[PDB]
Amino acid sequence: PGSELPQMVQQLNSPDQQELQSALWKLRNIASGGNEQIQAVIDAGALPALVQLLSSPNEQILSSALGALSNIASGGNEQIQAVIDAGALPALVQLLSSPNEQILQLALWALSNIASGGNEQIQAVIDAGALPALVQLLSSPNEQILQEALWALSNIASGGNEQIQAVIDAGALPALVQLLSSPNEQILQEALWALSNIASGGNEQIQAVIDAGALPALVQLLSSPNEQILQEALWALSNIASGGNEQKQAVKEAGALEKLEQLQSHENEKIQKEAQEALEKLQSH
């Protein structure tokens, strides 16, 4: 019943906890659907109350509100923009310093979904000061929080060259290069994901990846037994090889040609074609 959504939004002002939790679950439920469902939640006026609940001292209420905002931020760019225009970003950035790992994880989920939108939505994340907090979380001992910070930084690095350069200017490259030494393979995969998105920009952004010293580690990861890590390193290297001759020359000087020509005989047909295309990009001019 469409009449239930305004009543659900009305229950967001309820002094009772279980009424509040029930309405937040329904909103989080509806926002689990398509954009049409998320649009009905927004049109019911749920965003202003949801943003206010980000200041709740109750741990369970803050988690349910973050999960509802997270799911709404998984919609279209204009629905992500409604989340931005409702004022959610300053609270999410503040929540990036919370000692509660459950709260911090959910705040990272919402920020990552917002950063999954267009360049206008990614720039709002940048302008709210999310980057230096995200870069700081790359030093977290929690492997789960570390993955969430990599997911958020990768989505920000999925925008235009201006958004990619903001990630570089925030000092994310030295932490990403060091994460290539991680024995944890799912963290190592997310770091390659972020580096590949950064290396997909212009020659300035590609040279910044080279200047951070990422090439020796990327070349070594071409010998990884994990074919997912092997491919991600191959994708990151081929993005770097797409740059100018100075960029291709650094890839060759890192010894990538020997491994790339070997990977043409790899047992995976997909890897063979990517190694072949990387060698094509390495032809100068």
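One rule holds for the numbers: they count along the sequence shown, beginning at 1.
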query: Higher-scoring stretch by recorded Cα B factor average, 176-184 or 82-90; finding: 176-184
query: Stretch exceeding the other in mean C-alpha B-factor - 156-164, 136-144; finding: 136-144
query: Member of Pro216, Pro57, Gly243, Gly33 with the greatest C-alpha B factor (per the PDB record); finding: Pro57
query: Among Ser70, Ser238, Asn226, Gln249 - the residue whose C-alpha B-factor is largest in the record; finding: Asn226
query: B-factor third for the C-alpha atom of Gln121 within its chain; finding: lowest
query: Third of the chain, ranked by Cα B-factor, where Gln105 sits; finding: middle
